[PDB]
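File shown: final25.txt. Contents: compact mmCIF, N, CA and C atoms.
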# COMPACT_ATOMS: atom_id res chain seq x y z
N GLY A 1 11.21 -75.62 -4.20
CA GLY A 1 12.19 -76.54 -3.61
C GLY A 1 12.30 -76.35 -2.10
N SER A 2 12.90 -75.25 -1.67
CA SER A 2 12.76 -74.68 -0.34
C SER A 2 12.75 -73.16 -0.53
N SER A 3 11.57 -72.55 -0.57
CA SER A 3 11.38 -71.15 -0.93
C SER A 3 10.02 -70.66 -0.38
N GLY A 4 9.88 -69.34 -0.28
CA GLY A 4 8.70 -68.62 0.16
C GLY A 4 8.63 -68.54 1.68
N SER A 5 7.75 -67.68 2.19
CA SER A 5 7.29 -67.78 3.57
C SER A 5 5.86 -67.24 3.65
N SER A 6 4.93 -68.10 4.08
CA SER A 6 3.49 -67.85 4.17
C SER A 6 2.88 -67.23 2.90
N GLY A 7 3.43 -67.54 1.72
CA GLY A 7 2.70 -67.46 0.47
C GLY A 7 1.62 -68.54 0.49
N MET A 8 0.37 -68.16 0.22
CA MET A 8 -0.71 -69.12 0.05
C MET A 8 -0.49 -69.86 -1.27
N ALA A 9 -0.19 -69.14 -2.35
CA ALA A 9 0.07 -69.75 -3.65
C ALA A 9 1.29 -70.67 -3.59
N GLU A 10 2.36 -70.28 -2.89
CA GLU A 10 3.50 -71.16 -2.67
C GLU A 10 3.08 -72.42 -1.90
N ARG A 11 2.20 -72.30 -0.89
CA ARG A 11 1.71 -73.46 -0.16
C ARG A 11 0.88 -74.34 -1.08
N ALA A 12 0.01 -73.79 -1.93
CA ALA A 12 -0.76 -74.56 -2.89
C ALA A 12 0.16 -75.33 -3.84
N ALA A 13 1.21 -74.70 -4.36
CA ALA A 13 2.18 -75.35 -5.24
C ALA A 13 2.99 -76.44 -4.51
N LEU A 14 3.28 -76.23 -3.22
CA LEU A 14 3.95 -77.22 -2.38
C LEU A 14 3.03 -78.40 -2.14
N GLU A 15 1.78 -78.14 -1.80
CA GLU A 15 0.74 -79.13 -1.58
C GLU A 15 0.50 -79.91 -2.87
N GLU A 16 0.64 -79.27 -4.04
CA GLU A 16 0.65 -79.93 -5.32
C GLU A 16 1.78 -80.96 -5.37
N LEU A 17 3.01 -80.60 -4.98
CA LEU A 17 4.11 -81.56 -4.92
C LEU A 17 3.73 -82.69 -3.97
N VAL A 18 3.15 -82.41 -2.80
CA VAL A 18 2.74 -83.45 -1.87
C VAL A 18 1.73 -84.39 -2.54
N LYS A 19 0.68 -83.84 -3.16
CA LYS A 19 -0.38 -84.57 -3.84
C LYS A 19 0.24 -85.44 -4.92
N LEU A 20 0.97 -84.85 -5.86
CA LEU A 20 1.51 -85.51 -7.03
C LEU A 20 2.55 -86.54 -6.62
N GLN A 21 3.37 -86.28 -5.60
CA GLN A 21 4.30 -87.26 -5.04
C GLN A 21 3.49 -88.43 -4.46
N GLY A 22 2.46 -88.15 -3.66
CA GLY A 22 1.63 -89.17 -3.02
C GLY A 22 0.82 -89.99 -4.02
N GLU A 23 0.31 -89.38 -5.08
CA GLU A 23 -0.36 -90.05 -6.18
C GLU A 23 0.63 -90.89 -6.97
N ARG A 24 1.80 -90.35 -7.33
CA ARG A 24 2.81 -91.13 -8.05
C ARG A 24 3.22 -92.33 -7.22
N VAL A 25 3.52 -92.17 -5.93
CA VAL A 25 3.83 -93.27 -5.02
C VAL A 25 2.73 -94.33 -5.00
N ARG A 26 1.45 -93.93 -4.96
CA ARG A 26 0.34 -94.86 -4.96
C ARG A 26 0.36 -95.63 -6.28
N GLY A 27 0.50 -94.92 -7.39
CA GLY A 27 0.69 -95.52 -8.70
C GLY A 27 1.86 -96.49 -8.67
N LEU A 28 3.04 -96.11 -8.17
CA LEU A 28 4.22 -96.97 -8.21
C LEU A 28 3.98 -98.29 -7.49
N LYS A 29 3.34 -98.23 -6.31
CA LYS A 29 2.99 -99.40 -5.53
C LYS A 29 2.05 -100.31 -6.32
N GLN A 30 1.08 -99.75 -7.05
CA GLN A 30 0.22 -100.47 -7.97
C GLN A 30 1.03 -101.03 -9.14
N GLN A 31 1.96 -100.26 -9.73
CA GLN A 31 2.56 -100.50 -11.03
C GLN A 31 3.67 -101.55 -10.95
N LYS A 32 3.92 -102.13 -9.77
CA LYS A 32 5.10 -102.92 -9.45
C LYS A 32 6.37 -102.24 -9.99
N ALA A 33 6.56 -100.95 -9.70
CA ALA A 33 7.85 -100.32 -9.94
C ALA A 33 8.88 -100.87 -8.93
N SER A 34 10.15 -100.50 -9.09
CA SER A 34 11.21 -100.80 -8.14
C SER A 34 10.75 -100.43 -6.72
N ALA A 35 10.72 -101.40 -5.80
CA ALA A 35 10.49 -101.15 -4.38
C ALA A 35 11.54 -100.18 -3.82
N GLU A 36 12.72 -100.21 -4.42
CA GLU A 36 13.87 -99.38 -4.09
C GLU A 36 13.67 -97.91 -4.47
N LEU A 37 12.88 -97.64 -5.51
CA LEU A 37 12.44 -96.30 -5.90
C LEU A 37 11.27 -95.89 -5.01
N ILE A 38 10.28 -96.77 -4.83
CA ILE A 38 9.11 -96.55 -4.00
C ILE A 38 9.54 -95.96 -2.65
N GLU A 39 10.38 -96.63 -1.86
CA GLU A 39 10.75 -96.10 -0.56
C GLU A 39 11.51 -94.78 -0.61
N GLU A 40 12.19 -94.49 -1.71
CA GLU A 40 12.91 -93.24 -1.91
C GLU A 40 11.93 -92.11 -2.23
N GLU A 41 10.93 -92.39 -3.05
CA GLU A 41 9.87 -91.48 -3.41
C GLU A 41 8.90 -91.27 -2.23
N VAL A 42 8.79 -92.25 -1.34
CA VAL A 42 8.07 -92.19 -0.07
C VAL A 42 8.87 -91.35 0.93
N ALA A 43 10.20 -91.45 0.96
CA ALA A 43 11.05 -90.60 1.79
C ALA A 43 10.95 -89.15 1.31
N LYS A 44 10.90 -88.91 0.00
CA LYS A 44 10.61 -87.58 -0.54
C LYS A 44 9.21 -87.12 -0.16
N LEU A 45 8.21 -88.01 -0.18
CA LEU A 45 6.87 -87.72 0.30
C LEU A 45 6.88 -87.36 1.80
N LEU A 46 7.76 -87.95 2.61
CA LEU A 46 7.98 -87.60 4.01
C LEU A 46 8.65 -86.23 4.13
N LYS A 47 9.78 -86.01 3.45
CA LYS A 47 10.56 -84.77 3.47
C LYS A 47 9.67 -83.58 3.15
N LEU A 48 8.98 -83.61 2.01
CA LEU A 48 8.09 -82.53 1.60
C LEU A 48 7.01 -82.28 2.65
N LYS A 49 6.24 -83.29 3.09
CA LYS A 49 5.24 -83.07 4.14
C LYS A 49 5.85 -82.46 5.40
N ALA A 50 7.06 -82.87 5.76
CA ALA A 50 7.78 -82.35 6.91
C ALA A 50 8.27 -80.91 6.73
N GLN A 51 8.06 -80.29 5.57
CA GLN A 51 8.21 -78.85 5.35
C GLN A 51 6.87 -78.13 5.50
N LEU A 52 5.78 -78.70 4.97
CA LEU A 52 4.42 -78.19 5.16
C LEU A 52 4.09 -78.11 6.66
N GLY A 53 4.30 -79.21 7.39
CA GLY A 53 3.97 -79.36 8.80
C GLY A 53 2.71 -80.22 8.95
N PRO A 54 2.83 -81.56 9.04
CA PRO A 54 1.69 -82.47 9.03
C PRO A 54 0.91 -82.42 10.35
N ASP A 55 -0.28 -83.02 10.39
CA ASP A 55 -1.09 -83.10 11.60
C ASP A 55 -0.45 -84.06 12.60
N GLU A 56 -0.66 -83.78 13.88
CA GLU A 56 -0.10 -84.49 15.02
C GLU A 56 -0.81 -85.83 15.25
N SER A 57 -0.64 -86.79 14.34
CA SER A 57 -1.25 -88.11 14.47
C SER A 57 -0.49 -88.97 15.49
N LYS A 58 -0.76 -88.71 16.77
CA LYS A 58 -0.13 -89.20 18.00
C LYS A 58 1.33 -88.74 18.12
N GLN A 59 1.83 -88.66 19.35
CA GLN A 59 3.20 -88.26 19.66
C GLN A 59 4.21 -89.25 19.07
N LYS A 60 5.48 -88.84 18.99
CA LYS A 60 6.54 -89.59 18.34
C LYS A 60 7.85 -89.41 19.11
N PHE A 61 8.44 -88.22 19.09
CA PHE A 61 9.76 -87.95 19.66
C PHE A 61 10.86 -88.91 19.14
N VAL A 62 10.71 -89.43 17.92
CA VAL A 62 11.79 -90.09 17.20
C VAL A 62 12.87 -89.02 16.96
N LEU A 63 14.10 -89.30 17.39
CA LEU A 63 15.23 -88.39 17.22
C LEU A 63 15.60 -88.25 15.74
N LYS A 64 16.55 -87.36 15.46
CA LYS A 64 17.14 -87.15 14.15
C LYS A 64 18.65 -87.00 14.26
N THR A 65 19.31 -87.07 13.11
CA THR A 65 20.68 -86.67 12.87
C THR A 65 20.90 -85.21 13.29
N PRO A 66 22.15 -84.77 13.53
CA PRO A 66 22.44 -83.47 14.11
C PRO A 66 22.21 -82.36 13.08
N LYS A 67 20.97 -81.84 13.02
CA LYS A 67 20.54 -80.78 12.11
C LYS A 67 21.01 -81.06 10.68
N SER A 68 20.65 -82.23 10.15
CA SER A 68 21.09 -82.68 8.83
C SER A 68 20.74 -81.69 7.71
N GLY A 69 19.59 -81.01 7.82
CA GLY A 69 19.07 -80.07 6.83
C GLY A 69 19.00 -80.64 5.40
N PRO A 70 18.36 -81.80 5.16
CA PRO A 70 18.28 -82.41 3.85
C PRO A 70 17.35 -81.60 2.93
N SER A 71 17.95 -80.72 2.14
CA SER A 71 17.31 -80.00 1.06
C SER A 71 17.36 -80.91 -0.18
N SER A 72 17.37 -80.34 -1.38
CA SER A 72 17.46 -81.05 -2.64
C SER A 72 17.84 -80.02 -3.70
N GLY A 73 18.24 -80.50 -4.88
CA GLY A 73 18.54 -79.69 -6.04
C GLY A 73 19.61 -80.36 -6.87
Mind converting the file's structure to structure tokens?
Amino acid sequence: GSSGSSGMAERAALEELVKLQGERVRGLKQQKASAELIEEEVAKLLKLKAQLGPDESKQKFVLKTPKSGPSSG
């Protein structure tokens, strides 16, 4: 959920969540599921990747809420 520090196995299991979330999202877009679930599962796909630390695909500097710390459970 939010656990470990520089565990390789923990990163593999996290990357599994990223993969499976991203595959499920791809499926949902295909499956004509609720668009309202899709964007929520896509926001979870964003949140999780934003814990891994994604590649710098051009600069952004989009601001955020004041240290919101959106965990889950």
Point-to-point distance in Å for atom C of residue 14 in chain A and atom N of residue 31 in chain A
23.2 Å
Kindly give the distance, in Å, that separates atom N of residue 63 in chain A and atom C of residue 29 in chain A, rounded to a single decimal.
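Going from atom N of residue 63 in chain A over to atom C of residue 29 in chain A covers 28.8 Å.
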Rank A:7, A:66, A:27, A:22 by their smallest atom-to-atom distance to residue 46 in chain A, using only C-alpha atoms, and report the top residue only.
A:22
State, in Å with one decimal place, the distance from atom N of residue 51 in chain A to CA of residue 2 in chain A.
9.4 Å
Counting only C-alpha atoms, which of A:21, A:65, A:6, A:59 gets nearest to residue 42 in chain A?
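Among A:21, A:65, A:6, A:59, it is A:21 that comes nearest to residue 42 in chain A.
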May I have the residues within 7 Å of residue 18 in chain A as a ChimeraX atom specification, using all atoms listed in the file and disregarding those fewer than 6 positions away in the same chain?
/A:45,48-49
Using DSSP secondary structure from the backbone, list all helix (DSSP H, G or I) positions within range 9-69 of chain A, as a count of residues only.
40
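Using only C-alpha atoms, the smallest distance between any of A:54, A:1, A:47, A:20 and residue 68 in chain A comes from A:47.
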For a quick check of understanding, using only C-alpha atoms, which of A:38, A:62, A:33, A:52 has the smallest distance to residue 17 in chain A?
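That would be A:52, the residue with the smallest distance to residue 17 in chain A.
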Looking at A:41, A:13, A:60, A:71, which one is nearest to residue 26 in chain A, with distances taken over only C-alpha atoms?
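Distance minimum relative to residue 26 in chain A lands on A:41.
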Can you fill out range 44-62 of chain A with N, CA, C and O atoms and hand it back as a PDB file, in the frame of the given file?
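File written: result_39.pdb
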ATOM      1  N   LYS A  44      10.900 -88.910   0.000  1.00  0.00           N
ATOM      2  CA  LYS A  44      10.610 -87.580  -0.540  1.00  0.00           C
ATOM      3  C   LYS A  44       9.210 -87.120  -0.160  1.00  0.00           C
ATOM      4  O   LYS A  44       9.032 -85.961   0.226  1.00  0.00           O
ATOM      5  N   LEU A  45       8.210 -88.010  -0.180  1.00  0.00           N
ATOM      6  CA  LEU A  45       6.870 -87.720   0.300  1.00  0.00           C
ATOM      7  C   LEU A  45       6.880 -87.360   1.800  1.00  0.00           C
ATOM      8  O   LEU A  45       6.062 -86.534   2.214  1.00  0.00           O
ATOM      9  N   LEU A  46       7.760 -87.950   2.610  1.00  0.00           N
ATOM     10  CA  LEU A  46       7.980 -87.600   4.010  1.00  0.00           C
ATOM     11  C   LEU A  46       8.650 -86.230   4.130  1.00  0.00           C
ATOM     12  O   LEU A  46       8.141 -85.373   4.848  1.00  0.00           O
ATOM     13  N   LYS A  47       9.780 -86.010   3.450  1.00  0.00           N
ATOM     14  CA  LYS A  47      10.560 -84.770   3.470  1.00  0.00           C
ATOM     15  C   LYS A  47       9.670 -83.580   3.150  1.00  0.00           C
ATOM     16  O   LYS A  47       9.578 -82.657   3.965  1.00  0.00           O
ATOM     17  N   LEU A  48       8.980 -83.610   2.010  1.00  0.00           N
ATOM     18  CA  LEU A  48       8.090 -82.530   1.600  1.00  0.00           C
ATOM     19  C   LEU A  48       7.010 -82.280   2.650  1.00  0.00           C
ATOM     20  O   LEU A  48       6.903 -81.143   3.117  1.00  0.00           O
ATOM     21  N   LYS A  49       6.240 -83.290   3.090  1.00  0.00           N
ATOM     22  CA  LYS A  49       5.240 -83.070   4.140  1.00  0.00           C
ATOM     23  C   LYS A  49       5.850 -82.460   5.400  1.00  0.00           C
ATOM     24  O   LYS A  49       5.239 -81.593   6.017  1.00  0.00           O
ATOM     25  N   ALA A  50       7.060 -82.870   5.760  1.00  0.00           N
ATOM     26  CA  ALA A  50       7.780 -82.350   6.910  1.00  0.00           C
ATOM     27  C   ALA A  50       8.270 -80.910   6.730  1.00  0.00           C
ATOM     28  O   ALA A  50       8.866 -80.369   7.665  1.00  0.00           O
ATOM     29  N   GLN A  51       8.060 -80.290   5.570  1.00  0.00           N
ATOM     30  CA  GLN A  51       8.210 -78.850   5.350  1.00  0.00           C
ATOM     31  C   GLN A  51       6.870 -78.130   5.500  1.00  0.00           C
ATOM     32  O   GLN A  51       6.823 -77.054   6.107  1.00  0.00           O
ATOM     33  N   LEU A  52       5.780 -78.700   4.970  1.00  0.00           N
ATOM     34  CA  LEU A  52       4.420 -78.190   5.160  1.00  0.00           C
ATOM     35  C   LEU A  52       4.090 -78.110   6.660  1.00  0.00           C
ATOM     36  O   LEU A  52       3.670 -77.054   7.131  1.00  0.00           O
ATOM     37  N   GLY A  53       4.300 -79.210   7.390  1.00  0.00           N
ATOM     38  CA  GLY A  53       3.970 -79.360   8.800  1.00  0.00           C
ATOM     39  C   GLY A  53       2.710 -80.220   8.950  1.00  0.00           C
ATOM     40  O   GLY A  53       1.617 -79.657   8.942  1.00  0.00           O
ATOM     41  N   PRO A  54       2.830 -81.560   9.040  1.00  0.00           N
ATOM     42  CA  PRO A  54       1.690 -82.470   9.030  1.00  0.00           C
ATOM     43  C   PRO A  54       0.910 -82.420  10.350  1.00  0.00           C
ATOM     44  O   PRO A  54       1.394 -81.859  11.342  1.00  0.00           O
ATOM     45  N   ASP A  55      -0.280 -83.020  10.390  1.00  0.00           N
ATOM     46  CA  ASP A  55      -1.090 -83.100  11.600  1.00  0.00           C
ATOM     47  C   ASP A  55      -0.450 -84.060  12.600  1.00  0.00           C
ATOM     48  O   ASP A  55       0.188 -85.045  12.200  1.00  0.00           O
ATOM     49  N   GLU A  56      -0.660 -83.780  13.880  1.00  0.00           N
ATOM     50  CA  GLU A  56      -0.100 -84.490  15.020  1.00  0.00           C
ATOM     51  C   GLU A  56      -0.810 -85.830  15.250  1.00  0.00           C
ATOM     52  O   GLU A  56      -1.502 -86.011  16.245  1.00  0.00           O
ATOM     53  N   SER A  57      -0.640 -86.790  14.340  1.00  0.00           N
ATOM     54  CA  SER A  57      -1.250 -88.110  14.470  1.00  0.00           C
ATOM     55  C   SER A  57      -0.490 -88.970  15.490  1.00  0.00           C
ATOM     56  O   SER A  57       0.303 -89.850  15.121  1.00  0.00           O
ATOM     57  N   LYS A  58      -0.760 -88.710  16.770  1.00  0.00           N
ATOM     58  CA  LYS A  58      -0.130 -89.200  18.000  1.00  0.00           C
ATOM     59  C   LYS A  58       1.330 -88.740  18.120  1.00  0.00           C
ATOM     60  O   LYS A  58       2.012 -88.516  17.103  1.00  0.00           O
ATOM     61  N   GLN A  59       1.830 -88.660  19.350  1.00  0.00           N
ATOM     62  CA  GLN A  59       3.200 -88.260  19.660  1.00  0.00           C
ATOM     63  C   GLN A  59       4.210 -89.250  19.070  1.00  0.00           C
ATOM     64  O   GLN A  59       3.840 -90.370  18.667  1.00  0.00           O
ATOM     65  N   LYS A  60       5.480 -88.840  18.990  1.00  0.00           N
ATOM     66  CA  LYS A  60       6.540 -89.590  18.340  1.00  0.00           C
ATOM     67  C   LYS A  60       7.850 -89.410  19.110  1.00  0.00           C
ATOM     68  O   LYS A  60       8.307 -90.370  19.719  1.00  0.00           O
ATOM     69  N   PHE A  61       8.440 -88.220  19.090  1.00  0.00           N
ATOM     70  CA  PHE A  61       9.760 -87.950  19.660  1.00  0.00           C
ATOM     71  C   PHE A  61      10.860 -88.910  19.140  1.00  0.00           C
ATOM     72  O   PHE A  61      11.871 -89.120  19.815  1.00  0.00           O
ATOM     73  N   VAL A  62      10.710 -89.430  17.920  1.00  0.00           N
ATOM     74  CA  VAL A  62      11.790 -90.090  17.200  1.00  0.00           C
ATOM     75  C   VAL A  62      12.870 -89.020  16.960  1.00  0.00           C
ATOM     76  O   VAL A  62      12.556 -87.951  16.428  1.00  0.00           O
TER      77      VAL A  62
END
